[PDB]
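Just below is one structure, and these are the notes that go with it.
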Amino acid sequence: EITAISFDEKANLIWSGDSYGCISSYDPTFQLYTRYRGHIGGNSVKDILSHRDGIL
Amino acid sequence: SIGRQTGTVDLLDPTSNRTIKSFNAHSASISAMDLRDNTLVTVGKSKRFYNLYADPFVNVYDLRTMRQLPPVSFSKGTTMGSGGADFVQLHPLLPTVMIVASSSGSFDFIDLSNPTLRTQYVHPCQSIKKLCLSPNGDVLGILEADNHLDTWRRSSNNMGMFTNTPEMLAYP
Amino acid sequence: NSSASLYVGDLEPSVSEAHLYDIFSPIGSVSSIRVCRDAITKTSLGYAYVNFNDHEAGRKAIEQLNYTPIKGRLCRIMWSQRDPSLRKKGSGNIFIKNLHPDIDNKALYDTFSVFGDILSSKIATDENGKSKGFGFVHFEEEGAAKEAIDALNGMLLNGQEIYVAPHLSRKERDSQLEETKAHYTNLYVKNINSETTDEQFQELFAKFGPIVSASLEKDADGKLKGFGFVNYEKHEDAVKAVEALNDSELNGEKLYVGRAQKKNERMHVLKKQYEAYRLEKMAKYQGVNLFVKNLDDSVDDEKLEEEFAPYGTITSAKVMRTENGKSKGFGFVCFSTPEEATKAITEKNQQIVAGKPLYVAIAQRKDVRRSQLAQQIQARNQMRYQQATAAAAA
Amino acid sequence: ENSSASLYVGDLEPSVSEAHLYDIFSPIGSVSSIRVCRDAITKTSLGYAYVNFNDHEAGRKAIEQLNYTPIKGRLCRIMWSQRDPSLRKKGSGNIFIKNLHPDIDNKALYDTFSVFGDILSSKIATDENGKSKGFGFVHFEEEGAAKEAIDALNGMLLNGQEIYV
C-alpha cells in the first residue's frame, strides 16, 4: 500500500507512506524507527522529502 | 521548472518572474525529472491512449543557455515492448551522472556526456513501484509494496545509508 | 568570602592551565584555573584567574609569584574582587606615572608594599620585560593611594620622580627628549604678506604660546614662500594655533597655520581619511565600483575599459599585477553610474570577455575572517558528523 | 583561510566530466563534493575546479596514498584558493628553463629539491614517454627560494645538463 518514499540525510532511516494514514521512519535493513501521522485522514501522503532539520 | 499537462516544461525565474522559455519535452506526460548543476533530465510518455509508450529516450536539457542537449535513447531492456524510462535520477554527488530504470527494473548507471558508458544492471525479480538513491553512492533501494529491500553494488561498506546521528539511538 | 580567586595578568598564549598547574601544584590546594580565553576566538583578555580552595595558599602564591616569569613572561598576579566594580565604576588603574623603565611590578611591588599591597599594579612592562617608564599603578583604595601621594610625590628612585598629580599620557621616559630645547614642530603660516617681520611673529603669537624664536622664513630662493614658521612653546600650542588661529588675522592677512614638521605627540590628522577610505575600501562599491576578477591577461585596463565603455562614465580602470607584471585575476572599474553597474550585474556578471569568465562581488578584506569563521563552523560540523559516524558505525 | 580541503585542480578540459575522476579515487573514503562551477555560454575549458574533500588532512591523505600517476594526461592540482589580495602569491614568478634534463619529472624533482626551495608549480613540459622538453617553469611561493635553488645548484651534472633562469 506504500505510496510515497524519501530518505533522511542524517540517519539510516527510511521515510515511507503507506495507504493507511501514516508516515514512518525506518532503521537499517529490517527495522522501523517511528511511525507517526501529520496527516488528517483518508490516504496517507502525496509525497515526502528530507531537509536540513526534518521531514516534510 | 514546470512539468506540465502536455509533456512540456515551462521554465521560469522565481526571482525576476518574467517568462523566458516554454520548452516542450513530450506531448503527453512528464514523469521522471531532475534539475542538478544547470542540467535537466526528463522522461514522460508521449502517446495518448493505446500507448504503452513511456518514451524510449532520456530527454536531456540544460539551464545553461536554453539548449536541447542530445537526448540519450533508452533501450527496451530485455522485454519486447517500448523503452519506458519512467525513473531517471541524477546522482547526488555526481549531479550529471544518472540512473535510469524502467517499470520492470532495467536500471543503468549511465553518464550524461558519454552514453556509451552504460552499466545495465538487470532486475532478476518483480517489477517495481519506486526506487531510491545513495548519498553514500553504493545503495540500491528497490521498493515495492512488499517492504523487502535489497542493495546491488559491490560491498564497500557494512553500512546502509549515509549518516549515524540518531537522537534516540537504540535506547529511549 | 572567596577562599582564593586570583588575577593573573600580562599573559602570553604559551601559558595554558597545564602550565599554570605545573607552576602552582606545589603551592598545595589547586581548585581550578579559569583561563580567560575570551569567547571571540579563544583570545586572552590580557589576563586569566586561578581559584584556590585555600585562602592562605592563594595569598602564598601571590606573594611568592608577582611578576615572576611563568614560561618567560612576568606574572601580574593580584586581587580582583573590586575589579568588576572597577569595571562598572570606571575606577581602578590609576596613573602613578613616570615609573622606572628598568623596574617591574615585582621590585616596585616589594618596594612600595610599605605603601601597600598594590591591587592593580602595572608599569609599561610589555615586550618581555621592557618598561617605557610609566604605567597604571593603584593600591588597595583611596586611603593607601593618597598616603602614597602625600608621602611620595616627587621623591628619588634611581634618578627619577613619579607623577600621579596629572593623568600623564604616554612617552614619559622620552618626555624630556620631547621637551628638548632645540627641536619643535613649528607652525607654517601660508601666504604671508611681506609686512610681517620677526617682531611681528612675536606680537600676537606669544600669548598663544610664548615665543623667543621668531623667524621670517625666507627660502633658498631669496624671496618669501609666504610660509613662515611660528615657534611656540609646546606642540599643544601648535594644536591651539592650527585649530584656533586657522585663517586668522595677524594684522590683516591670512593665518593658514599648518603643522611645520610634526613631532608625533599629537597625531591622527587625516586618519579620518582612513575612514573616508572606509567609504570605499571594504564596503568597496557604494553600488558604483566593479571588482571584476578573472579576466584574460590580454584583458588589460585596455579591454576592461573597452567592455565597460557602454556601462557608464568610467572613472578608475585598474588591474594590480605582479609589480605591473602578472595579474592573478582581478581588476576594478570604479564607475560613476550605479544603474549601469546593475546592468553589469545582469550582463557582465557571468560574462566571457575573451575566454575566461568574469567574477563580480563587492571587494573586502573584512569578511575573509568571517569566511574563516564559516570554515571553523563547517570544520566542527564535519568533526561532529564524523564523531557520530565513528560512534554508531559499530 | 581554507583550513578544509579546498583541493584546487586548474588547467582544465572542455568536455571531460568528473566521472572517471570519481571512478579513480573511489576507494579512498572521504570524497565530499566535486564540482566545477560555470559561466553561462561556455562549453570550453575555463580554469577552476573543486575536488573538495572534508578537511585538508583528507587532501594530504589522498596525496600520501598515491598521487600524480599518469591517466588521461591530467594530474590533480592542489589547493590554491587565492584571490585579489593574492596578486602575486603563485604569481611571484618562476625560473623559466631552456634545456632541462630530459628525465626531469615533477615528483623526484621536488623530492630531491625539497631541501633548498619549496616548488609550488613545477610547470614542466614532460611528454612522449618520459622526456622533459628542455623548457620548463619551476615555480615557487616567492622569488627567493628560486634564487636559493639557483645559487645552490641551478641544475647540476647528472648527464651534464645544468638548467636555466
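Identifiers in this document derive from the order of the C-alpha cells: chains are assigned A, B, ..., residues are numbered from 1 separately in each chain, and ligands are numbered from 1 in order of occurrence.
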Please report, as a Markdown table, each residue of chain D lying at most 12 Å from chain C, together with the nearest pair of atoms and the separation in Å rounded to one decimal; use only C-alpha atoms, and order rows by chain and ascending residue number.
| residue | atom | partner | partner_atom | distance |
| --- | --- | --- | --- | --- |
| D:1 | CA | C:372 | CA | 5.6 |
| D:2 | CA | C:375 | CA | 6.9 |
| D:3 | CA | C:375 | CA | 6.7 |
| D:4 | CA | C:379 | CA | 7.0 |
| D:5 | CA | C:379 | CA | 10.2 |
| D:6 | CA | C:375 | CA | 10.7 |
| D:11 | CA | C:356 | CA | 11.7 |
| D:12 | CA | C:356 | CA | 11.6 |
| D:14 | CA | C:355 | CA | 11.8 |
| D:30 | CA | C:386 | CA | 10.7 |
| D:32 | CA | C:382 | CA | 10.3 |
| D:37 | CA | C:357 | CA | 10.7 |
| D:38 | CA | C:357 | CA | 8.2 |
| D:39 | CA | C:350 | CA | 5.3 |
| D:40 | CA | C:350 | CA | 6.2 |
| D:41 | CA | C:352 | CA | 7.7 |
| D:42 | CA | C:352 | CA | 8.0 |
| D:43 | CA | C:355 | CA | 10.7 |
| D:44 | CA | C:355 | CA | 8.6 |
| D:45 | CA | C:356 | CA | 8.1 |
| D:46 | CA | C:356 | CA | 5.2 |
| D:47 | CA | C:356 | CA | 7.5 |
| D:48 | CA | C:356 | CA | 10.0 |
| D:53 | CA | C:382 | CA | 10.6 |
| D:54 | CA | C:382 | CA | 7.0 |
| D:55 | CA | C:379 | CA | 7.2 |
| D:56 | CA | C:379 | CA | 10.0 |
| D:57 | CA | C:379 | CA | 11.5 |
| D:80 | CA | C:328 | CA | 11.6 |
| D:81 | CA | C:328 | CA | 11.3 |
| D:82 | CA | C:328 | CA | 8.4 |
| D:83 | CA | C:329 | CA | 7.1 |
| D:84 | CA | C:330 | CA | 5.7 |
| D:85 | CA | C:365 | CA | 8.0 |
| D:86 | CA | C:328 | CA | 6.7 |
| D:87 | CA | C:328 | CA | 4.8 |
| D:88 | CA | C:322 | CA | 5.3 |
| D:89 | CA | C:328 | CA | 8.2 |
| D:90 | CA | C:328 | CA | 8.0 |
| D:91 | CA | C:326 | CA | 6.1 |
| D:92 | CA | C:322 | CA | 6.3 |
| D:93 | CA | C:322 | CA | 8.1 |
| D:94 | CA | C:326 | CA | 11.4 |
| D:142 | CA | C:322 | CA | 11.0 |
| D:143 | CA | C:322 | CA | 11.5 |
At a cut-off of 9 Å, using only C-alpha atoms, what residues contact residue 79 of chain C? Leave out same-chain residues fewer than 2 positions from it and give the result as a VMD selection string.
chain C and resid 5 to 8 62 77 81 to 83 118 to 120
Select, as a PyMOL selection string, those residues of chain B with any atom no more than 9 Å from chain D (distances computed using only C-alpha atoms).
chain B and resi 37+63-65+93-97+111-113+156
Residues from the last selection, N, CA and C atoms, saved as a PDB file, in the first residue's frame:
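Result went into out_23.pdb, see below:
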ATOM      1  N   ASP B  37      22.922  20.955 -11.197  1.00  0.00           N
ATOM      2  CA  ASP B  37      24.022  21.747 -11.775  1.00  0.00           C
ATOM      3  C   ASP B  37      23.777  22.237 -13.208  1.00  0.00           C
ATOM      4  N   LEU B  63      20.115  24.261 -18.378  1.00  0.00           N
ATOM      5  CA  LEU B  63      19.733  25.585 -17.920  1.00  0.00           C
ATOM      6  C   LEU B  63      20.766  26.617 -18.312  1.00  0.00           C
ATOM      7  N   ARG B  64      21.809  26.179 -19.007  1.00  0.00           N
ATOM      8  CA  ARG B  64      22.997  26.970 -19.271  1.00  0.00           C
ATOM      9  C   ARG B  64      22.672  28.083 -20.262  1.00  0.00           C
ATOM     10  N   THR B  65      22.333  27.723 -21.498  1.00  0.00           N
ATOM     11  CA  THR B  65      21.918  28.705 -22.496  1.00  0.00           C
ATOM     12  C   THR B  65      20.767  28.163 -23.346  1.00  0.00           C
ATOM     13  N   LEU B  93      26.109  13.020  -5.457  1.00  0.00           N
ATOM     14  CA  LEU B  93      27.467  13.543  -5.515  1.00  0.00           C
ATOM     15  C   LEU B  93      27.910  13.813  -6.943  1.00  0.00           C
ATOM     16  N   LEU B  94      27.263  13.190  -7.927  1.00  0.00           N
ATOM     17  CA  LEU B  94      27.617  13.335  -9.335  1.00  0.00           C
ATOM     18  C   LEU B  94      26.399  13.918 -10.039  1.00  0.00           C
ATOM     19  N   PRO B  95      26.227  15.241 -10.006  1.00  0.00           N
ATOM     20  CA  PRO B  95      24.959  15.851 -10.423  1.00  0.00           C
ATOM     21  C   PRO B  95      24.721  15.891 -11.926  1.00  0.00           C
ATOM     22  N   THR B  96      25.540  15.215 -12.728  1.00  0.00           N
ATOM     23  CA  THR B  96      25.230  14.943 -14.123  1.00  0.00           C
ATOM     24  C   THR B  96      25.069  13.463 -14.428  1.00  0.00           C
ATOM     25  N   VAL B  97      25.810  12.588 -13.749  1.00  0.00           N
ATOM     26  CA  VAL B  97      25.673  11.149 -13.954  1.00  0.00           C
ATOM     27  C   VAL B  97      24.345  10.693 -13.370  1.00  0.00           C
ATOM     28  N   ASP B 111      26.357   7.696 -17.811  1.00  0.00           N
ATOM     29  CA  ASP B 111      26.891   9.041 -17.948  1.00  0.00           C
ATOM     30  C   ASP B 111      25.883   9.942 -18.653  1.00  0.00           C
ATOM     31  N   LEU B 112      25.982  11.239 -18.369  1.00  0.00           N
ATOM     32  CA  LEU B 112      25.308  12.240 -19.184  1.00  0.00           C
ATOM     33  C   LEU B 112      26.074  12.487 -20.477  1.00  0.00           C
ATOM     34  N   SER B 113      27.391  12.660 -20.374  1.00  0.00           N
ATOM     35  CA  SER B 113      28.183  13.087 -21.522  1.00  0.00           C
ATOM     36  C   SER B 113      28.381  11.953 -22.520  1.00  0.00           C
ATOM     37  N   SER B 156      31.320  -2.196  -0.484  1.00  0.00           N
ATOM     38  CA  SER B 156      32.283  -1.218   0.011  1.00  0.00           C
ATOM     39  C   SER B 156      32.143  -1.010   1.513  1.00  0.00           C
TER      40      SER B 156
END
Atomic distance atom CA of residue 122 of chain C - atom CA of residue 135 of chain C, expressed in Å with one decimal
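Separation between atom CA of residue 122 of chain C and atom CA of residue 135 of chain C: 5.6 Å.
In this model, the gap between atom CA of residue 211 of chain C and atom CA of residue 192 of chain C comes to 18.3 Å.
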Surrounding residues of residue 72 of chain C excluding itself and chain neighbours under 5 positions, 10 Å, only C-alpha atoms, as a PyMOL selection string
chain C and resi 11-12+14-15+128-129
Here is a test: counting only C-alpha atoms, which residue of C:16, C:180, C:389, C:153 is nearest to chain A?
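Smallest distance to chain A is found for C:389.
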